[PDB]
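Peer 1: Below is the file work-v2.cif, with mmCIF, C-alpha atoms and all ligand atoms.
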```cif
data_entry
#
loop_
_atom_site.label_atom_id
_atom_site.label_comp_id
_atom_site.auth_asym_id
_atom_site.auth_seq_id
_atom_site.Cartn_x
_atom_site.Cartn_y
_atom_site.Cartn_z
CA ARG A 20 -7.04 -3.54 -7.74
CA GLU A 21 -8.43 -6.56 -9.72
CA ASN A 22 -8.31 -4.11 -12.72
CA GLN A 23 -5.16 -5.99 -13.96
CA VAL A 24 -4.94 -7.82 -17.37
CA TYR A 25 -3.47 -11.39 -17.73
CA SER A 26 -2.30 -13.56 -20.69
CA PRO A 27 -5.29 -15.82 -21.61
CA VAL A 28 -2.71 -18.59 -22.47
CA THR A 29 -0.03 -18.57 -19.68
CA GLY A 30 -1.94 -16.47 -17.06
CA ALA A 31 1.16 -14.18 -16.89
CA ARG A 32 0.35 -10.58 -15.76
CA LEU A 33 0.52 -8.18 -18.77
CA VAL A 34 2.95 -5.28 -18.01
CA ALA A 35 4.20 -2.44 -20.29
CA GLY A 36 7.25 -0.19 -19.72
CA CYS A 37 9.76 2.19 -21.33
CA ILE A 38 13.52 2.18 -21.92
CA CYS A 39 13.74 6.02 -21.68
CA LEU A 40 16.91 7.26 -23.50
CA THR A 41 18.54 10.73 -23.72
CA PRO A 42 18.51 12.25 -27.26
CA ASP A 43 22.30 11.46 -27.60
CA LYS A 44 21.33 7.84 -26.53
CA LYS A 45 24.28 7.67 -24.03
CA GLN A 46 22.07 7.23 -20.88
CA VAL A 47 18.85 5.41 -19.78
CA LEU A 48 16.47 6.69 -17.03
CA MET A 49 16.23 4.34 -13.99
CA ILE A 50 13.96 4.47 -10.87
CA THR A 51 14.27 2.72 -7.45
CA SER A 52 11.78 -0.13 -6.66
CA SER A 53 9.15 0.72 -3.94
CA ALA A 54 9.52 -2.66 -2.09
CA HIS A 55 13.33 -3.14 -2.59
CA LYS A 56 14.37 0.51 -1.81
CA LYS A 57 18.03 0.03 -3.01
CA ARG A 58 17.20 -1.83 -6.32
CA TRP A 59 17.32 0.30 -9.56
CA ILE A 60 14.85 -0.74 -12.36
CA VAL A 61 13.04 0.97 -15.32
CA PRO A 62 9.50 2.45 -15.43
CA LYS A 63 6.76 -0.19 -16.06
CA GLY A 64 3.35 -1.34 -14.71
CA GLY A 65 0.29 -3.58 -15.19
CA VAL A 66 -2.00 -2.91 -18.18
CA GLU A 67 -5.54 -1.93 -17.00
CA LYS A 68 -8.81 -3.26 -18.57
CA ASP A 69 -9.71 0.19 -20.11
CA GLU A 70 -6.31 0.67 -21.91
CA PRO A 71 -6.49 0.19 -25.73
CA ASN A 72 -2.73 -0.56 -26.32
CA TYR A 73 0.61 -1.21 -24.50
CA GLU A 74 1.94 2.27 -25.54
CA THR A 75 -0.81 3.92 -23.36
CA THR A 76 0.21 1.81 -20.28
CA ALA A 77 3.96 2.39 -20.98
CA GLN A 78 3.71 6.24 -21.25
CA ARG A 79 1.28 6.39 -18.22
CA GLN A 80 3.74 4.40 -16.00
CA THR A 81 6.75 6.52 -17.21
CA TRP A 82 4.89 9.68 -16.00
CA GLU A 83 3.54 8.10 -12.73
CA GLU A 84 6.84 6.40 -11.65
CA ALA A 85 9.53 8.67 -13.23
CA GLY A 86 7.95 12.12 -14.03
CA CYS A 87 9.29 11.55 -17.58
CA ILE A 88 7.59 12.79 -20.83
CA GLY A 89 8.86 11.69 -24.29
CA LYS A 90 7.99 10.18 -27.70
CA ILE A 91 7.97 6.38 -28.28
CA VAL A 92 10.62 5.85 -31.06
CA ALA A 93 10.71 1.97 -31.09
CA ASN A 94 8.78 -1.20 -30.08
CA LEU A 95 11.36 -3.41 -28.23
CA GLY A 96 8.99 -6.45 -28.31
CA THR A 97 8.35 -8.73 -25.28
CA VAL A 98 10.45 -10.27 -22.43
CA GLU A 99 9.22 -12.58 -19.58
CA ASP A 100 9.91 -12.60 -15.82
CA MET A 101 10.74 -16.38 -15.57
CA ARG A 102 10.65 -16.74 -11.71
CA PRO A 103 8.48 -19.09 -9.55
CA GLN A 113 13.61 -27.80 -8.14
CA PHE A 114 16.00 -28.23 -11.18
CA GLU A 115 16.06 -30.50 -14.32
CA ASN A 116 19.48 -31.61 -15.75
CA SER A 117 19.69 -32.71 -19.47
CA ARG A 118 23.35 -33.98 -19.00
CA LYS A 119 24.76 -31.25 -21.37
CA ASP A 120 23.22 -28.32 -19.38
CA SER A 121 21.04 -27.49 -16.28
CA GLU A 122 17.68 -25.56 -16.14
CA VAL A 123 15.07 -24.60 -13.44
CA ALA A 124 11.99 -26.94 -13.19
CA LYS A 125 9.35 -25.92 -15.85
CA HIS A 126 6.80 -23.25 -14.68
CA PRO A 127 4.53 -20.56 -16.24
CA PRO A 128 6.00 -17.02 -16.58
CA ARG A 129 5.22 -14.52 -13.74
CA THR A 130 4.95 -11.41 -16.01
CA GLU A 131 4.93 -10.75 -19.80
CA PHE A 132 6.55 -7.28 -20.46
CA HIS A 133 5.82 -5.14 -23.58
CA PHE A 134 8.70 -2.58 -23.78
CA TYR A 135 9.05 0.59 -25.90
CA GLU A 136 12.09 2.85 -26.42
CA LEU A 137 11.23 6.48 -25.48
CA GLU A 138 13.31 9.59 -26.36
CA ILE A 139 13.15 11.76 -23.17
CA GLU A 140 11.64 15.23 -24.00
CA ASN A 141 11.17 16.47 -20.36
CA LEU A 142 11.89 15.43 -16.72
CA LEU A 143 9.58 17.19 -14.17
CA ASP A 144 10.51 17.56 -10.44
CA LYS A 145 6.86 16.85 -9.33
CA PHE A 146 5.11 13.56 -10.37
CA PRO A 147 2.78 11.08 -8.54
CA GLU A 148 5.53 8.80 -7.01
CA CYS A 149 8.29 11.52 -6.67
CA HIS A 150 8.28 11.08 -2.80
CA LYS A 151 8.35 7.20 -2.80
CA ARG A 152 11.05 6.66 -5.55
CA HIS A 153 14.44 8.05 -6.70
CA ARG A 154 15.15 8.56 -10.46
CA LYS A 155 18.49 9.03 -12.34
CA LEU A 156 20.23 8.72 -15.77
CA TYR A 157 22.85 5.91 -16.08
CA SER A 158 25.41 4.97 -18.80
CA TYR A 159 24.91 1.45 -20.32
CA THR A 160 27.66 -0.16 -18.11
CA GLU A 161 26.14 1.33 -14.87
CA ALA A 162 22.54 0.46 -15.99
CA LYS A 163 23.58 -3.16 -16.86
CA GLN A 164 25.21 -3.59 -13.37
CA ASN A 165 22.08 -2.06 -11.67
CA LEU A 166 19.70 -4.58 -13.41
CA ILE A 167 22.01 -7.55 -12.43
CA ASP A 168 22.17 -6.05 -8.86
CA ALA A 169 18.30 -5.88 -9.05
CA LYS A 170 18.30 -9.56 -10.30
CA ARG A 171 16.17 -8.50 -13.37
CA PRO A 172 17.90 -10.06 -16.43
CA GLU A 173 14.65 -9.68 -18.51
CA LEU A 174 14.82 -5.84 -18.04
CA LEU A 175 18.52 -6.00 -19.18
CA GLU A 176 17.33 -7.98 -22.29
CA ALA A 177 14.87 -5.09 -23.02
CA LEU A 178 17.68 -2.51 -22.43
CA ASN A 179 19.96 -4.51 -24.84
CA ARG A 180 17.34 -4.30 -27.71
CA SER A 181 17.27 -0.45 -27.34
CA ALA A 182 19.53 1.97 -29.32
CA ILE A 183 21.52 2.82 -26.09
CA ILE A 184 25.26 3.35 -26.88
CA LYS A 185 27.14 0.44 -25.15
CA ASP A 186 30.72 1.45 -26.26
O1 LIG B 1 8.11 -8.88 -6.50
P1 LIG B 1 8.54 -8.64 -7.93
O2 LIG B 1 10.00 -8.24 -8.05
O3 LIG B 1 8.16 -9.76 -8.87
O4 LIG B 1 7.67 -7.37 -8.43
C1 LIG B 1 6.60 -6.51 -7.99
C2 LIG B 1 6.83 -5.11 -8.51
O5 LIG B 1 8.12 -4.63 -8.10
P2 LIG B 1 9.56 -4.56 -8.76
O6 LIG B 1 10.37 -5.56 -7.96
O7 LIG B 1 9.37 -4.96 -10.21
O8 LIG B 1 10.06 -3.14 -8.59
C3 LIG B 1 5.76 -4.23 -7.90
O9 LIG B 1 5.99 -2.89 -8.38
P3 LIG B 1 6.73 -1.56 -7.84
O10 LIG B 1 8.17 -1.55 -8.32
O11 LIG B 1 5.91 -0.41 -8.40
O12 LIG B 1 6.60 -1.70 -6.33
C4 LIG B 1 4.38 -4.71 -8.32
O13 LIG B 1 3.38 -3.90 -7.68
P4 LIG B 1 2.15 -3.39 -8.53
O14 LIG B 1 0.96 -4.19 -8.15
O15 LIG B 1 2.07 -1.91 -8.42
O16 LIG B 1 2.57 -3.80 -10.01
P5 LIG B 1 3.77 -3.12 -11.23
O17 LIG B 1 5.13 -3.66 -10.84
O18 LIG B 1 3.73 -1.60 -11.23
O19 LIG B 1 3.27 -3.72 -12.52
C5 LIG B 1 4.14 -6.17 -7.99
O20 LIG B 1 4.07 -6.31 -6.55
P6 LIG B 1 3.13 -6.72 -5.33
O21 LIG B 1 3.74 -7.99 -4.77
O22 LIG B 1 3.17 -5.56 -4.36
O23 LIG B 1 1.77 -6.93 -5.95
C6 LIG B 1 5.28 -7.02 -8.53
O24 LIG B 1 5.10 -8.39 -8.13
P7 LIG B 1 4.82 -9.68 -9.03
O25 LIG B 1 3.35 -9.97 -8.85
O26 LIG B 1 5.71 -10.78 -8.50
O27 LIG B 1 5.18 -9.26 -10.44
MG MG B 2 6.22 -0.72 -11.30
#
```
I need this file expressed as structure tokens, please.
Peer 2:
Amino acid sequence: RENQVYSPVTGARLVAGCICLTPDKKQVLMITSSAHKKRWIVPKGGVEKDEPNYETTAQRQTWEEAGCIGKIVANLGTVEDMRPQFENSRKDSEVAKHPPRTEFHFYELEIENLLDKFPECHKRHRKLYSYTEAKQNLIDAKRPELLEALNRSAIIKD
């Protein structure tokens, strides 16, 4: 729908999501992408014009995409999808300047329940991963900005 909300500055699509952690904080909940069937990501989605805050969007998408209920325990701030040839400064190399694709507002959630039936339960897989596994999945998914969000969480990395 054209019910989506965009940054008035950069025109980046405004998305909220959840780093959903087990109470012991040893594992994060990950879902498969709908387009890229084999790629493991975290629950997230576009803010809608009616929604009063990012927490609403985040908890709605965590239910819809992952059948996961929990309490938001931290605001993990923002990360950007910086995807659209190169510009070399002679001490480093960078991609040619462009506006961000997406601006993500992430929250840490403590999982309280996982339900077997949820809206996207037939079009996605869903599973708990240790930090090391989760980190490798996000690299495999080519989503370093989601890994940045994961890294700000209280997930045990040792
Ligand atoms: O192509 P990507 O990787 O940039 O991401 C995809 C993202 O998929 P992802 O790869 O993040 O898993 C899709 O979401 P999905 O995972 O639910 O299929 C999402 O579709 P959407 O309109 O439902 O938007 P959300 O991703 O719930 O905010 C967007 O897809 P669309 O091309 O079908 O409209 C998004 O695309 P962008 O506009 O580029 O952000
Ligand atoms: Mg999504």
Peer 1: In Å to one decimal, how far is CA of residue 64 in chain A from CA of residue 183 in chain A?
Peer 2: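 These two atoms are separated by 21.8 Å.
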Peer 1: Quick one: residues within 7 Å of ligand LIG 1 (chain B), with all atoms listed in the file, as a list in words?
Peer 2: residues 34, 52, 53, 54, 55, 60, 63, 64, 65, 129 and 130 of chain A
Peer 1: Would you mind telling me which residue in A:49, A:91, A:40, A:177 lies nearest to ligand MG 2 (chain B) when using only C-alpha atoms and all ligand atoms?
Peer 2: A:49
Peer 1: Between CA of residue 31 in chain A and CA of residue 128 in chain A, measure the distance and give it in Å to one decimal.
Peer 2: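 These atoms are spaced 5.6 Å apart.
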Peer 1: Out of A:66, A:143, A:93, A:149, which residue has the shortest atom-to-atom distance to residue 51 in chain A when counting all atoms listed in the file?
Peer 2: A:149
Peer 1: One decimal, in Å: what's the spacing between CA of residue 167 in chain A and CA of residue 140 in chain A?
Peer 2: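 Computing it gives 27.6 Å between the two atoms.
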Peer 1: Go through A:58, A:82, A:20, A:178 one by one, measure the shortest atom-to-atom distance of each to residue 153 in chain A using only C-alpha atoms, and give the residue with the smallest value.
Peer 2: A:58
Peer 1: Taking all atoms listed in the file into account, name the residue in A:76, A:158, A:165, A:141 that is nearest to ligand MG 2 (chain B).
Peer 2: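 Comparing A:76, A:158, A:165, A:141 against ligand MG 2 (chain B), the winner is A:76.
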Peer 1: Could you pull the residues within 12 Å of residue 155 in chain A, counting only C-alpha atoms, minus those fewer than 4 positions along the same chain, as an mmCIF file with C-alpha atoms, keeping the file's coordinate frame?
Peer 2:
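Resulting contents of part.cif:
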```cif
data_model
loop_
_atom_site.group_PDB
_atom_site.id
_atom_site.type_symbol
_atom_site.label_atom_id
_atom_site.label_comp_id
_atom_site.auth_asym_id
_atom_site.auth_seq_id
_atom_site.Cartn_x
_atom_site.Cartn_y
_atom_site.Cartn_z
ATOM 1 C CA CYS A 39 13.740 6.020 -21.680
ATOM 2 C CA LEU A 40 16.910 7.260 -23.500
ATOM 3 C CA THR A 41 18.540 10.730 -23.720
ATOM 4 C CA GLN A 46 22.070 7.230 -20.880
ATOM 5 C CA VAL A 47 18.850 5.410 -19.780
ATOM 6 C CA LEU A 48 16.470 6.690 -17.030
ATOM 7 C CA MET A 49 16.230 4.340 -13.990
ATOM 8 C CA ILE A 50 13.960 4.470 -10.870
ATOM 9 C CA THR A 51 14.270 2.720 -7.450
ATOM 10 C CA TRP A 59 17.320 0.300 -9.560
ATOM 11 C CA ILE A 60 14.850 -0.740 -12.360
ATOM 12 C CA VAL A 61 13.040 0.970 -15.320
ATOM 13 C CA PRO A 62 9.500 2.450 -15.430
ATOM 14 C CA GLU A 84 6.840 6.400 -11.650
ATOM 15 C CA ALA A 85 9.530 8.670 -13.230
ATOM 16 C CA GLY A 86 7.950 12.120 -14.030
ATOM 17 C CA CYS A 87 9.290 11.550 -17.580
ATOM 18 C CA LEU A 142 11.890 15.430 -16.720
ATOM 19 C CA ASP A 144 10.510 17.560 -10.440
ATOM 20 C CA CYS A 149 8.290 11.520 -6.670
ATOM 21 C CA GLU A 161 26.140 1.330 -14.870
ATOM 22 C CA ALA A 162 22.540 0.460 -15.990
ATOM 23 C CA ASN A 165 22.080 -2.060 -11.670
#
```
Peer 1: Pick out the residues sitting within 9 Å of residue 74 in chain A, and hand them over as a CSV table (one decimal) with C-alpha atoms, in the coordinates of the input; count all atoms listed in the file, and ignore anything fewer than 6 positions along from it in its own chain.
Peer 2:
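Contents of out-v6.csv, as written:
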```csv
chain,number,residue,atom,x,y,z
A,35,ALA,CA,4.2,-2.4,-20.3
A,36,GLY,CA,7.2,-0.2,-19.7
A,37,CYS,CA,9.8,2.2,-21.3
A,91,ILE,CA,8.0,6.4,-28.3
A,94,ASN,CA,8.8,-1.2,-30.1
A,133,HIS,CA,5.8,-5.1,-23.6
A,134,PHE,CA,8.7,-2.6,-23.8
A,135,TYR,CA,9.0,0.6,-25.9
```
Peer 1: Taking all atoms listed in the file into account, name the residue in A:26, A:75, A:81, A:121 that is nearest to ligand MG 2 (chain B).
Peer 2: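 Using all atoms listed in the file, the shortest distance to ligand MG 2 (chain B) belongs to A:81.
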Peer 1: Between A:159, A:114, A:132, A:25, which has the minimum distance to residue 77 in chain A (counting all atoms listed in the file)?
Peer 2: A:132
Peer 1: Take range 157-179 of chain A, bring it up to N, CA and C atoms, and give me the output as an mmCIF file, keeping the file's coordinate frame.
Peer 2:
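Written out: selection34.cif:
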```cif
data_model
loop_
_atom_site.group_PDB
_atom_site.id
_atom_site.type_symbol
_atom_site.label_atom_id
_atom_site.label_comp_id
_atom_site.auth_asym_id
_atom_site.auth_seq_id
_atom_site.Cartn_x
_atom_site.Cartn_y
_atom_site.Cartn_z
ATOM 1 N N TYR A 157 21.664 6.786 -16.197
ATOM 2 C CA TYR A 157 22.850 5.910 -16.080
ATOM 3 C C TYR A 157 23.387 5.598 -17.485
ATOM 4 N N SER A 158 24.714 5.544 -17.621
ATOM 5 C CA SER A 158 25.410 4.970 -18.800
ATOM 6 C C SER A 158 25.014 3.495 -18.919
ATOM 7 N N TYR A 159 25.271 2.871 -20.067
ATOM 8 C CA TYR A 159 24.910 1.450 -20.320
ATOM 9 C C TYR A 159 25.557 0.549 -19.258
ATOM 10 N N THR A 160 26.863 0.702 -19.029
ATOM 11 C CA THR A 160 27.660 -0.160 -18.110
ATOM 12 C C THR A 160 27.040 -0.117 -16.704
ATOM 13 N N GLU A 161 26.768 1.090 -16.198
ATOM 14 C CA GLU A 161 26.140 1.330 -14.870
ATOM 15 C C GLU A 161 24.753 0.689 -14.835
ATOM 16 N N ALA A 162 23.928 0.968 -15.850
ATOM 17 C CA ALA A 162 22.540 0.460 -15.990
ATOM 18 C C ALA A 162 22.546 -1.075 -15.974
ATOM 19 N N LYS A 163 23.434 -1.682 -16.761
ATOM 20 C CA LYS A 163 23.580 -3.160 -16.860
ATOM 21 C C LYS A 163 23.858 -3.719 -15.459
ATOM 22 N N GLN A 164 24.811 -3.128 -14.732
ATOM 23 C CA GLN A 164 25.210 -3.590 -13.370
ATOM 24 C C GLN A 164 24.029 -3.424 -12.408
ATOM 25 N N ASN A 165 23.268 -2.328 -12.525
ATOM 26 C CA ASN A 165 22.080 -2.060 -11.670
ATOM 27 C C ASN A 165 21.052 -3.184 -11.857
ATOM 28 N N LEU A 166 20.755 -3.569 -13.105
ATOM 29 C CA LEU A 166 19.700 -4.580 -13.410
ATOM 30 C C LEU A 166 20.149 -5.956 -12.890
ATOM 31 N N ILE A 167 21.440 -6.302 -13.038
ATOM 32 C CA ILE A 167 22.010 -7.550 -12.430
ATOM 33 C C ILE A 167 21.852 -7.456 -10.909
ATOM 34 N N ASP A 168 22.320 -6.357 -10.308
ATOM 35 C CA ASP A 168 22.170 -6.050 -8.860
ATOM 36 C C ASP A 168 20.702 -6.201 -8.436
ATOM 37 N N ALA A 169 19.760 -5.799 -9.296
ATOM 38 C CA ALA A 169 18.300 -5.880 -9.050
ATOM 39 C C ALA A 169 17.800 -7.311 -9.287
ATOM 40 N N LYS A 170 18.611 -8.150 -9.944
ATOM 41 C CA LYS A 170 18.300 -9.560 -10.300
ATOM 42 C C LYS A 170 17.167 -9.580 -11.344
ATOM 43 N N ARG A 171 17.222 -8.681 -12.330
ATOM 44 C CA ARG A 171 16.170 -8.500 -13.370
ATOM 45 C C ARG A 171 16.798 -8.643 -14.755
ATOM 46 N N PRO A 172 17.255 -9.859 -15.136
ATOM 47 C CA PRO A 172 17.900 -10.060 -16.430
ATOM 48 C C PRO A 172 16.979 -9.729 -17.617
ATOM 49 N N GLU A 173 15.671 -9.955 -17.463
ATOM 50 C CA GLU A 173 14.650 -9.680 -18.510
ATOM 51 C C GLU A 173 14.578 -8.168 -18.793
ATOM 52 N N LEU A 174 14.808 -7.307 -17.798
ATOM 53 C CA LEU A 174 14.820 -5.840 -18.040
ATOM 54 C C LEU A 174 16.097 -5.505 -18.828
ATOM 55 N N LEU A 175 17.219 -6.173 -18.464
ATOM 56 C CA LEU A 175 18.520 -6.000 -19.180
ATOM 57 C C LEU A 175 18.345 -6.417 -20.649
ATOM 58 N N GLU A 176 17.626 -7.509 -20.912
ATOM 59 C CA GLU A 176 17.330 -7.980 -22.290
ATOM 60 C C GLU A 176 16.615 -6.864 -23.063
ATOM 61 N N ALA A 177 15.640 -6.211 -22.422
ATOM 62 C CA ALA A 177 14.870 -5.090 -23.020
ATOM 63 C C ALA A 177 15.824 -3.927 -23.286
ATOM 64 N N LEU A 178 16.659 -3.576 -22.303
ATOM 65 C CA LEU A 178 17.680 -2.510 -22.430
ATOM 66 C C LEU A 178 18.584 -2.803 -23.633
ATOM 67 N N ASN A 179 18.983 -4.072 -23.806
ATOM 68 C CA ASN A 179 19.960 -4.510 -24.840
ATOM 69 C C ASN A 179 19.362 -4.356 -26.248
#
```
